[PDB]
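Asker: The structure is given below, and queries will be raised subsequently.
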Amino acid sequence: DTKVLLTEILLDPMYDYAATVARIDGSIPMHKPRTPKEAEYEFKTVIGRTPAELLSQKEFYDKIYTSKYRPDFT
Amino acid sequence: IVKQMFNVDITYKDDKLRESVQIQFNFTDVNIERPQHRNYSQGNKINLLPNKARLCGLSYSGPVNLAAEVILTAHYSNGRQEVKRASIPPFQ
């Protein structure tokens, strides 16, 4: 359910990359979630859905956190 | 290897006019896609980055998808012959 999903997602490299990009753009705290309550916040911001919402549906790779700068890549 | 080399043509013996069945099949489809991991069992399966495999002990293995053409031909007594054929969809 939620526990195994939390472990698996926390262990993906993709989670680390998205979380550190969120930290750079100041959407998630630069602490690492100190108490489960902020961990839900970090999961929601990084992945885009609450873990229950992730389990509910079957399309997970898109709502991941996107950079809030939209840099001019030119 | 899968297509050219592994062609199977064997005959096995076990309505009393039927003496043997000749099994013939060959694969013409094989592709190896990148490693996948199923997130919460009921997921669509997602990309498996190498560090995830290293940390979880998973094997950095990509699934192999196969499709074959099968010919089941039964040879009866006194030389009567019947052929059953099926086009088998790409499985993995």
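Any read-out appearing in this document is the output of simple, stated calculations on the displayed coordinates, not a laboratory observation. Virtual Cβ from ideal backbone geometry, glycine too; neighbours counted across all protein chains shown.
Asker: Is at least one residue of the stretch A:40-62 more than 24 Å from residue B:41 (Cβ to Cβ) and part of a loop (DSSP other than H, G, I, E, B)? Working first, answer last.
Answerer: Filtering the stretch A:40-62 down to residues more than 24 Å from residue B:41 (Cβ to Cβ) leaves A:41, A:45.
Then drop every residue that is not part of a loop (DSSP other than H, G, I, E, B), which leaves none.
No, every residue in the stretch A:40-62 fails to be more than 24 Å from residue B:41 (Cβ to Cβ) and part of a loop (DSSP other than H, G, I, E, B).
Asker: Kindly indicate whether any position in the stretch A:63-74 is among the hydroxyl-bearing types (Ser, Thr, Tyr), within 23 Å of residue B:49 (Cβ to Cβ), in contact with a helix residue (DSSP H, G or I) (Cβ under 6 Å, 6 or more places away or on another chain) and crowded, with 17+ Cβ neighbours inside 10 Å.
Answerer: Within the stretch A:63-74, one or more residues are among the hydroxyl-bearing types (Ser, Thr, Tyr), within 23 Å of residue B:49 (Cβ to Cβ), in contact with a helix residue (DSSP H, G or I) (Cβ under 6 Å, 6 or more places away or on another chain) and crowded, with 17+ Cβ neighbours inside 10 Å.
Asker: Looking at the stretch A:1-10, which of its residues are surrounded by fewer than 14 Cβ atoms within 10 Å (Cβ to Cβ), assigned to a helix (DSSP H, G or I) and not hydroxyl-bearing (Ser, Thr, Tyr)?
Answerer: Selection gives A:3, A:4.
Asker: Looking only at the stretch A:26-43, decide whether some residue is under 22 Å from residue B:50 (Cβ atoms) and of a type outside the set (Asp, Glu). Before the answer, list the steps.
Answerer: First pass over the stretch A:26-43, keeping only residues under 22 Å from residue B:50 (Cβ atoms): none.
There is no residue in the stretch A:26-43 that is under 22 Å from residue B:50 (Cβ atoms) and of a type outside the set (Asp, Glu).
Asker: For residues that are surrounded by fewer than 16 Cβ atoms within 10 Å (Cβ to Cβ) and of a type in the set (A, V, I, L, M, F, W, C), scanning just the stretch B:15-45, find the one that is nearest to residue A:2 (Cα to Cα).
Answerer: B:32
Asker: Test each condition in (1) within 13 Å of the chain's Cα centre (by Cα); (2) more than 10 Å from chain B (Cβ to nearest Cβ) for residue A:37 and report the one that comes out false.
Answerer: For residue A:37, the exception is condition (1).
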